[PDB]
Every structure is written in C-alpha cells, then in structure tokens.
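Some notes on the structure that comes next.
A, B, ... follow the sequence lines: proteins, then strands. Residue 1 opens every chain.
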Amino acid sequence: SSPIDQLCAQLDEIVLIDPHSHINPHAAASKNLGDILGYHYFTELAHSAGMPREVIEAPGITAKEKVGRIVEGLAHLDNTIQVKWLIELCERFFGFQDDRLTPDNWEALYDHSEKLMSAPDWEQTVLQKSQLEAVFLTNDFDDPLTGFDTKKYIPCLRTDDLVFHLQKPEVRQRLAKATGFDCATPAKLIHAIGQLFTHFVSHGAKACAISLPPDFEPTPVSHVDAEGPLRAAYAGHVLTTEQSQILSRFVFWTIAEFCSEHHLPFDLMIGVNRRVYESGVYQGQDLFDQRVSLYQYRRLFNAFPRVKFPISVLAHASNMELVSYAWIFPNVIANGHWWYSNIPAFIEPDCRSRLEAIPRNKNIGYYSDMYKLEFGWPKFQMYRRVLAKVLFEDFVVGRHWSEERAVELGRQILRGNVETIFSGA
Amino acid sequence: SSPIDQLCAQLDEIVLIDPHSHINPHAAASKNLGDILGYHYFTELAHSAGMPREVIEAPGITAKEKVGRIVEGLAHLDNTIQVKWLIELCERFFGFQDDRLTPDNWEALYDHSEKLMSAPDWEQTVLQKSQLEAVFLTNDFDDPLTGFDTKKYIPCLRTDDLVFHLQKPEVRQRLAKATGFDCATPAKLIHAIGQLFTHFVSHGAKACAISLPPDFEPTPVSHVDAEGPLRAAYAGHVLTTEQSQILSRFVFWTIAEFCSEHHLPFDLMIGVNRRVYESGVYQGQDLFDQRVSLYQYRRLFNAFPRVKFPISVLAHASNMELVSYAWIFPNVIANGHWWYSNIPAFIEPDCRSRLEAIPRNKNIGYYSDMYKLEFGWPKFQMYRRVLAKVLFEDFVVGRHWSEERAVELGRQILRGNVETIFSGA
Amino acid sequence: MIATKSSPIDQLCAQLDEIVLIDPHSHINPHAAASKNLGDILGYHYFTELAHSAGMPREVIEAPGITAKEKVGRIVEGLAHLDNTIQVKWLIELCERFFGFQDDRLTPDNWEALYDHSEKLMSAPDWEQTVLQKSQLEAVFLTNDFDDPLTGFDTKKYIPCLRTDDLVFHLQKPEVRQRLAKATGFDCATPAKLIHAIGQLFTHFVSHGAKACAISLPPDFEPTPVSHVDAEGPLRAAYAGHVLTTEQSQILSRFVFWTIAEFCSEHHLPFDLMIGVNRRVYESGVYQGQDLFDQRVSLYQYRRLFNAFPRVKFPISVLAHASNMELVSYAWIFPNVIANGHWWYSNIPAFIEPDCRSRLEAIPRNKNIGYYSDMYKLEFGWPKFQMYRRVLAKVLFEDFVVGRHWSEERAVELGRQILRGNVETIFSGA
Ligand SMILES: [Zn+2]
Ligand SMILES: [Zn+2]
Ligand SMILES: [Zn+2]
C-alpha cells in the first residue's frame, strides 16, 4: 500500500455534503441501467464516436433496448475516464466483475442491477456507500420545494431562466404562476424575484446558482434603462441584442442584491455556450468559447462585498485567473471542477495551484454535478485520488506535513469549507 | 528494462502511415546535411540565439559552407528538443557517435553523410529505418500528381492559396491554367474547384488540408455576396478586409461542400499568423495570436456532418477546447501536435487529456509535418516516448490495463485511426 | 556518501544552492535594504492581501496608530487560514534560515517570542551583510525612480534600472511632470524637449551603471510608433493642466514608450517588459493588494515593437500562465525576445514548473533568465529563489539528467547559465 493510497483511504472516510448536483429529490437514485448509461456523458460520447442520434434516441424503444444500443458503441469509449466511472460504479453498486461492459455481458448486468435497485432502501444504500450526508439541488425558480427532506436535498435557486430567458413566453408565465405578479415593470419583477427568495429561504435554500455565457459582463442597470427592454419582453416583442443584454444585466444584478439581503452565496458557473452542436443528443449540445476573463466580473465583486461568489470556470485556461481572483477578492471562492475541466488531466494542475495559492478557507474542492445518485461516488473517488496525490506530493513530502495534517487540509477542502461557505440563509 | 521503455519498444515496432507532411515525392530524402541543418527548425533557432540572418542566408555560399556557419551557433541550442532530433537522426541514419555537432566534428559528418545519401537506395533505407509505410503529401492545387506511387506518397489537396490568395495574380493564373475555367463569377469558381477535386480523386487523394489564421470564422456565403469580392479580385483590385474575408469564406465553404461530396476529410491547422517576425530566416517568420476559439468554427462543424475535420491547434491553450469539441462533435477529430506545440512539455498534457476524454477512434496521435524523410523518425520517436509514458501511467497503472491492451490503444492512436479516418475517396 | 533523506533532485538542488546570484529584478530600497522587524515581512502585501482575502477586514490590518508589533500580532491571528499557502512556506523557511525559528508554523502562541528575537538579530550592525551572505546574493538590480540621483549608494552592489512606468503612463499627474522638470531642467511641453529630457535620464542612468529599463504594462497596451506631430497635442494638453481624453492619453503613452525603446536601442540597454497587469481591480484591498489582470492578451500586440528594435533585448515576464506558451514561441523566434522569470500570480510552483520546463526545452539556453525575487526587503530573496531552485532542480533532473542522459554536472551547468550566466550576458551594461 503506497503512501498516496493510504492518504486516499483517509480521504475516503470523509462524509460529504455535495454542494452542487442536479438530483431530482423525488427520484434521486436510478431504477435501471437506462438511467445511468442513458445519461448524456455516455450518449454524447457514443454519438460522438459515430452512433447516429436516431439510434440512441429512437422513439418508443424500452429503456433496456436503449442500453443495448449504447453498449454496442462502448468499444469506442473504453479509454475514457467517463467509462471508467461506469465500470467502477457498476462494481461498487452492483458487484459487476468484468473489466469492461460488452454486448456479451451487459444484459446480465442490466437484469441484476435492475433487481438491486428495486429494493425499497436502494437510495439509502447508494447514499451510504457513497459517503453522502446531503446533496445541494439545483431547483427551477418555480419549484414548489415540497415533498422532500430539504435538509438532505438542499434547495438552491437556479436563476438562468430569469436572467437570460424572459424573452420566452413560457418563462414569463411560470414566473407569473409562481409569484402572482404582472412583471412587465421593473418594480413588479423585483417584487416577483423577492418572493422567490423568501420562498426558497423559507424552505432552507443555501445558495443561488447560475451558468453564464463567456460574453456576459455584469454591470448595474437603473430601473429606467430596464423598463424598455422588460416592457418589450412582456408585450411579446423580439428583443434586440442590446435590449436583451441590458435586461439580463438588470436581472442578474437584482439577484445579486437579493443574495446580499438574504446572506446567500451566489454560485457562478462561468463560460458555457448553449446549443453549439445543434444536432446533438439531449443535453449533449453545449460547448464553450474559451475567450473569457474574470476581469469581466470586477464590478460585481466590488459592488457586493457581503456576497460570497463560489466560482467554477469551464475553460481549463481560466483556472489560473480564478486562483488569482480568489487569492485577492475576499468574496471570490474557487468551487470545484466543472464539466469539460472535470477530468484528471485538468483537475490535477487546477487542484494543485488552488491549494498552494488560495487561502485554505476559500477553496471548495469538489461537487458531483450528478443527475442520479449513483454517479456521485465514482466522480468523487476520481477527485479524491487526485487530491491525495497533490496533498502527498506538495504537503506531506513538499512541506514535511504529517499525513494527519495533510488529511486535515483534505477534509477542509472536501467538507469543512462547504459548511462555512453555505451556512444557510 | 524500465516499464515505460518496454511499452515504448512495442510502440517502436508499429509501422506507420504518416498522415501529414510536406514531402516532395521526387526529392523525398536529403542529399546532404544542408537539407537537414539548413531547414528552418535549426536556422530560426540559430538566428534566434543571435546569429545574423545575413550570415546564415548569405548568397554565393555552398550548402557545406552554410552548414558550417549554422554549426557555430549550435552551442546555444544543445538544450533544445529540436537539437535532440538532430543528434538522434544523425546517430540513426549516419552512425554519428557524438553527443553534439560542433565546429570540430561537423565536416567529417558532412562528408560521410553526403556519401551515404548519394546511394541510389537512400530513400528506401530511410523509409525502412523509420517504420514508414506511406506518407501523406500536401500538394499545391495545380500539382500534376504524376510520376510517383500515389499509395506510397498519398496526395492531399492543399487549399491555402485558393482560400486566402486569389488576390495574387499568379494564383489566379495557376487556377485558370489548371481548370480551364474563368473563375471571375461564383458559379464558375465552384466548378473550377470541383475539377480540382476530380483531379485529386483520380490520383488517390485522401484529404484536403489548410492552415488558418486566428481571426478566420467560416460562414456560408451566397453567390450574390461572393460576386462582388470575386469580381474585384479578378479585376486586379486590392481587396478591402471585408471583401477578402467574404471571398475566403466563400471558397472555404465551397471546398468543404466538395469534401462532403467526395468523402474527403478536411484537415484544419488553426491559429497561425504569417510574417509576424518580418526579418526572420526563410520559413522562420510565422507566429500566432493565441486569442482564438473553436467556437468560431461552429457553423462549419454543424453544416457538414459528413465531413471529418481532423483539427490541429497551434496554441497549447486551445488543446482543452479541442478535446471538448472532439468530445461533442462527431465530425471533429483531434489531430496530432502542431508546430510550436510540438515539444514534449506540451505534447504530454495534450496527449494525456485526449486519451482520457476523447473516444479512442477520434484521436490521431501524430504526424511529422516533415519536409525531408530523415525528420520523420526523430519526431515520431519523441512522440512515442511521451505516449508510452501516458499509456503506462494512465492505462497500465491508472486503469490496471495489461501492457497489451495499452499497446493496442497506442496502435489505434498511431495507425488504426489513420486507416479509418482517411479511407480514401 | 549521501544522506538517505536526500533524493537525486535534492542533490541537484544542493548544487544549484551554491550558485552565487545576481538578482536581475527587485524593488530594494538601497538605504533600507533589509528588514528591522517582522512588521517589514509580515506587514508586506504578500501576507496582508492573503489575510484580508481570508476574511480579515482591512481596517483591522491597516488601523492607524498601531505599532509594527501590534500589526504583526493581528496578522498572525489570521495565519491559520493561510498555513497551506506557498507564501506562508516562504515565511516559515525565511524565519528558520535567518532567525533560527524551529517551529513548523507561526501562531498566536509563538509569534511574540519570534518577533522579539528577530528584532534583536536585525538590529545587529551587519544584519544586511548577514542576509546577503546567507542568501548567496552578490548584487541586486533595483528599480529606481527616474529622478533618483544614483549617488547615495554603492551602484556595483545595488544596480540601477530605470523605472519608466511614470513617464509612460502618468505625465497626466502634476507631480510626475514637476519631478521630471526638476530632474532634467526642461519644459517638456513639446515632443522634442521631452525626448531630450528622457535622453538626459538615460545618460544619467548609464553613467551610473544602470543595466536595464523596466516597465509594467496593461493588457490593452499595443505599442506603435508615434510622430512628434501626433504627440504634440496630448503633451501640450498634459502640461496645460488639462484632463487627457482616453485617446490623447493612449497616444502620449505610446509616444513616450516608443521614445524609451529608441533610447534603449541607442544605449544597448535591455527593456524589461512585465506584461498584463490591471491596476486597482479590487478597489477596497490592502495597500499594494488591489491589482489583478485580464488574461485576454497576446504578444502579437507587441509585434511592431519587436520588429522595429532588433538591437534592443526585451526580457519579458507574462502575468497569466496561459501566456507562457506564447512567450516561449516568441522567444523562440525573435532574437530580441527573452523569457524573464516568473512574475507575481504566476510565481508559484504549480505554474513555474510547466513554464520553466517548456522554456528549457524550446528556447535557446542563452535567452532564458530563470528568476528574479521582485523583493522589497532582502529577507524575501532567499525563500523565493529556493522555491525556484527546487522547481528547476526537478526539471533539470527529469528532462536533462534522465531525459537526455546528461551528467549531473552538465545539467547543473545549464542551471547555472539560467540563474546567473544569462544575467551577466543579457545585462552586461550599456
Ligand atoms: Zn451543474
Ligand atoms: Zn504542415
Ligand atoms: Zn517588480
């Protein structure tokens, strides 16, 4: 047993609070392999490897049939870290023994795993074996937040629709439904947003979250400048690019003000472009333009010193800016490893630089971003092996820290910081 | 001995199809050290280290004399990977026993190597000693493609002149001569390009290739929009920036249409600026503005689902974008390590990230970009050592793959994908 | 015979440690080069910006009428949040080497005893000498104000470099114009007079052993030549006491910058460019803890400069890690582009290693300046250089000793050239 494996074993014992997921609290764990293999990580990759979208997303085939088809394309993917998560979770959760998933062994695994997951206490078994105490949700702004344990599945207000999509009649309607306000004037939109916050806070929300395009640049926007764009949206007109920009800035800034008023952190996921690949599988269409800078957010950071902004960056090149900005701005926090940057090749240097330059209390190591509970463990395990390596190399060896001291840093990054950064409203 | 070495030894034995080079099939190998040491890899560095251009490119000196002068400036270069290629090549092909080329040992090498290279079968000896089975060319659009084995030296259509240089009188003349068309109208220019494709397909061509500046952003261009700029070019006008951009887009898009029709992949080398250093040696003047994104190619990737785009990026920071785009677009392939990115410090993390996140069938390991055959081996060997390292660490160790399974991955990256991606028209 | 706890990398580092250095860039005040107490070390922005970033209010740190000892005490209270940082590693190692500090960390429990002891040590008549000797420093390049007389200190020990930022960016300021007028004796209201005045500064610095000009530049800066005619308006406006529009300001800056390059050309002086800083991005930070950057830059915007001045060496530091690869490429092609150390936010092991690694394998060995301290006080030199030597030792052993089968001696020689040799040949003097 190598020193790194031992340090990792210590990290493995740490019970976690996942500060960011897309779990459906009403259907948190999977019911069959289709919930796992049918998830976009794999369908986008099967597709990317040459499987027609039509084959994967064929109308009116069973979940099991769909899994069969995807498996046929797994041979092109057996090198990916994504497929490694899959084999490791299957072995952990289902007792899967083979080193790879093939057209010859998939069905027996499907049938078997399905039985295991029909057990009444399946969700609890996953949480238990994944060292998860609690998971942050990403709730739609109109989510009733009822029907589940808000202390285990912790609400977070997703604001993307309000900030970027008031242009859409369906978005306005949902807002009207949720708040009862006619939000065609700034004062009323502000009232509406205020009601969403009170609603989220009263159900134990611990954060707001948003995904932002690389071009976004927040500024203050007065009510007068907001009123034309907002009136156009509600009158049903198509907003010009400038109107749309002004309105999104108005909404975004208003949300940051409510975060300050309610002492909520505002998670910013920066750098994503939606629907770059127009013919991709469901949830496999978003990419990014790397040409972004946190400098674009200087007005926000300066204007809201009492709002913590846990920031994830999509582009790997952006990490070093994030380090410098978390290093200087007391309200800027480095938050996990997001999406396309969420692989060992990029995690290691990112995790490494953050631990050595950012204060230890401004560093959230990791979140799962999972849609089903079973994906939590393999991704957190991947992160723990990387973290164990950095801790051992740079702290145990580099600084002569005891394993204990190094593991204590590990615990703060995985868990301690989540507790103090997201203390509750 | 070393586990990495053993894995490298197995990769060394894989016979290659070099998927991108600038070989002249009628003068494929060198005749003297002037063809080697006088190549821009070494003159640009000697000049960079402080040797005057006027000394290196003095008119009325022989190849041997020029070699002599470059050698004087090599003491400043013994650290460089480029000079490692040079020494290794000399050891392999010329029996060179010294650790470096110096004023006191170069002449003996020059006379001995020139003697070896004058041998009738030198070309064949190099290919055999390089594990090279076939090599892609990059031919001018008017290359007759005649007089050589097109299965050994495989034609590829170089499109740079058509896309960016119709402003040059001589380019228009060459195109008129080659196609018989009067391309001053859009429709005719399209037919002309079609005839270039027919010519190349008749000679077993396997791809198109182009190098692109950072500002290039492909979009469709209508005949009405193209007619203005095209007429101006054929009228001997100096095109405005916008005219030039419209014409280049029109030609580029037209070419991709033909790639789709003939089932030819379109190799894109993205991000070069020509003549950044205006007083540099021949072929040592180009650099780059790293402020580019594959996002600017989204229209292209979406509009040509049946064209494979093997992409190379110049800036190291663009690699992470490349891995993401090859991850999502079925038709985006990661293609080798280009130019300034073609050194171990950058190749390793780029090679590493590609293997772990991109499907194994969308990853072309390496091409030589060589101008003379002797440069193929040292460059490929540098690559094999990095890949061996990545395979051992991330697959053999990281995933508990057997050496065999890892070598099989390596073989696919080095050779297998070249066969499937460039199958022929 | 070797210590068992010593790796081959440690052995290589040990040989690097014995290289007597000339620091090619600092901000030492030659009249107060070393610290008098921990207030000088702990009170420096490395630690105050971090303490503040970790949650300590600036009002607490920068409270008026608080002694240096009390300020240290307050900063120590907040070091718990920082014991992971490389900056804190510098501190501990610093205190160990100079003050005999034996503890693995600095806490409220043990700081006062260290403060007291270190203040006694630093009050020794030969403290400055002691630090230099223990730091393997032979000489240090200063960054002098343009109006420094360069006569109040030993210029062979503290080597003058002309700080140009104020001339290039701040003629808008009455205080800068007045200092220039006092220094040179000129009404620089006209381009010709201003050039002559700048010329006198050069003549003054060169005759006092100056080895470089230096400047920090913002990401938007794009040097081009500027005619006297184009410059006369903005210059006149600055001297009239007017407020320069953005355009006047940018023209004037380009003009002064290009002028300075021209003098560098004339005197064969290298011009250190530190590229990529934005001032006062964080508006409520601690003193010297407000500047950040915008990564969206390219050396491509400097192309005119590099092309127009082949006889000027431009040692370049890039602020953003992403820009390093572009620097490697430009140093690789332009004879007059030189890679210069690891600057500011890039000055941490996680970034130094790949940046150092790529420079060694692609840039000619004579165009690579390994490191400078940027130090404000002498005690910061050693821990930062030691941090660097450790990275360099790793790179040298892995890529040269193992990678190219070099003897350790040959690898160390490359190390010596990078640390010291290139400093001597790049900054030989006018
Ligand atoms: Zn998410
Ligand atoms: Zn090429
Ligand atoms: Zn400095």
Side-chain angles (χ1 to χ4, degrees), chain B residues 2 40-41 44-53 73-84 87-88 99-100 214-215 273 275-281 284-292 314-320 339-349 382 385-386 389, chain C residues 295-304 306-308 310 313 320-338 353-368 395-396 398-400 402-407 410-411 413-415 417-418 422 425:
Chain B
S2 170
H40 77 94
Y41 300 136
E44 74 199 5
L45 283 174
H47 174 58
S48 170
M51 179 173 295
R53 178 178 71 175
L74 290 181
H76 293 307
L77 307 176
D78 75 339
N79 62 298
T80 62
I81 201 75
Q82 301 85 319
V83 158
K84 196 180 184 198
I87 301 316
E88 283 180 340
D99 188 28
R100 57 202 183 295
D215 51 281
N273 290 93
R275 303 195 79 262
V276 176
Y277 176 25
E278 292 156 353
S279 296
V281 295
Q285 292 191 330
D286 305 334
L287 282 159
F288 61 95
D289 186 332
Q290 68 181 151
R291 292 168 303 170
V292 62
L314 186 49
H316 171 53
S318 292
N319 175 75
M320 186 269 174
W339 203 343
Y340 298 107
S341 274
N342 190 23
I343 74 179
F346 299 131
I347 289 161
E348 181 170 313
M382 167 197 67
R385 289 161 183 155
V386 170
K389 171 173 184 180
Chain C
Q295 262 198 346
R296 296 166 297 174
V297 59
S298 175
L299 292 172
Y300 183 85
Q301 49 199 96
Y302 285 82
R303 59 193 188 290
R304 295 171 184 87
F306 301 154
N307 282 290
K313 299 195 199 107
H321 168 65
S323 304
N324 169 80
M325 188 265 171
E326 215 184 43
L327 173 59
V328 162
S329 303
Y330 279 65
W332 162 345
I333 293 298
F334 278 102
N336 63 344
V337 169
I338 278 146
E353 182 190 294
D355 299 345
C356 172
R357 184 186 313 275
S358 56
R359 296 177 193 188
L360 279 188
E361 80 176 10
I363 302 191
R365 52 188 292 152
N366 68 331
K367 308 184 55 191
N368 192 350
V395 170
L396 285 172
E398 299 182 327
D399 293 348
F400 293 79
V402 174
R404 296 166 167 76
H405 312 272
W406 284 16
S407 74
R410 187 180 175 184
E413 173 198 45
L414 174 54
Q417 179 159 10
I418 296 307
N422 283 343
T425 61

TODO: Tell me, out of B:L287, B:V83, B:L77, who's got the most heavy-atom pairs with chain C below 4.5 Å.
DONE: B:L287
Task: Heavy-atom pairs under 4.5 Å with chain C, option from B:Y340, B:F346, B:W339 with the top count - done: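 Sorted descending by pairs with chain C, the first entry is B:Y340.
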Considering only heavy atoms, which portion of [X] lies under 4.5 Å from any heavy atom of chain C: side chain, backbone, both, or neither?
X      : result
B:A46  : neither
B:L45  : both
B:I87  : neither
B:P344 : both

Could you give the distance from [atom1] ([X]) to [atom2] ([Y]), rounded to the nearest 0.5 Å?
X      : Y      : atom1 : atom2 : result
B:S48  : C:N366 : OG    : CG    : 7.5 Å
B:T80  : C:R365 : OG1   : CZ    : 10.0 Å
B:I343 : C:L360 : CD1   : CG    : 10.5 Å
B:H316 : C:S329 : NE2   : OG    : 11.0 Å

Open item on the list: Run the side-chain hydrogen bond (donor to acceptor under 3.5 Å, both in side chains) test against B:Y41 and tell me which residues pass, sequence neighbours left out.
Closed with: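 Residues passing side-chain hydrogen bond (donor to acceptor under 3.5 Å, both in side chains) with B:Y41: B:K379.
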Task: For B:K84, all residues meeting side-chain hydrogen bond (donor to acceptor under 3.5 Å, both in side chains), sequence neighbours excluded - done: none
TODO: Quick one: do C:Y300 and B:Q290 satisfy side-chain contact (heavy atoms from CB on, under 4.5 Å)? Show the steps, please.
DONE: CA-CA 8 Å; C:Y300 183 85; B:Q290 68 181 151; over 6 Å; no
Counting only N and O atoms by type, is there a donor-acceptor contact under 3.5 Å from the side chain of [X] to the main-chain atoms of [Y]?
X      : Y      : result
C:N307 : B:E278 : yes
C:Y330 : B:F288 : yes
C:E326 : B:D289 : no
C:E361 : B:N79  : no

Task: Least distance between heavy atoms, C:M325 atom then B:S341 atom - done: CE-OG, 3.6 Å
Open item on the list: If you compare all heavy atoms of B:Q82 against all heavy atoms of C:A362, which two are closest, and at what distance to 0.1 Å?
Closed with: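 For B:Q82 and C:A362, the tightest heavy-atom pair comes out as NE2-O, 3.9 Å.
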- [ ] Measure the shortest side-chain to side-chain distance between B:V276 and C:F306 over non-hydrogen atoms and say whether it is less than 4.5 angstrom.
- [x] no
Open item on the list: Using heavy-atom distances under 4.5 Å, tell me whether C:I363 contacts chain B through its side chain, its backbone, both, or neither.
Closed with: backbone
TODO: Inspect the contact between B:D78 and C:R410 and indicate whether a charged nitrogen and a carboxylate oxygen are less than 4.0 angstrom apart.
DONE: yes
- [ ] Between chain B and each of C:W332, C:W406, C:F334, count heavy-atom pairs under 4.5 Å; write down the option with the most.
- [x]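 Ranked by heavy-atom pairs under 4.5 Å with chain B, first place is C:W332.
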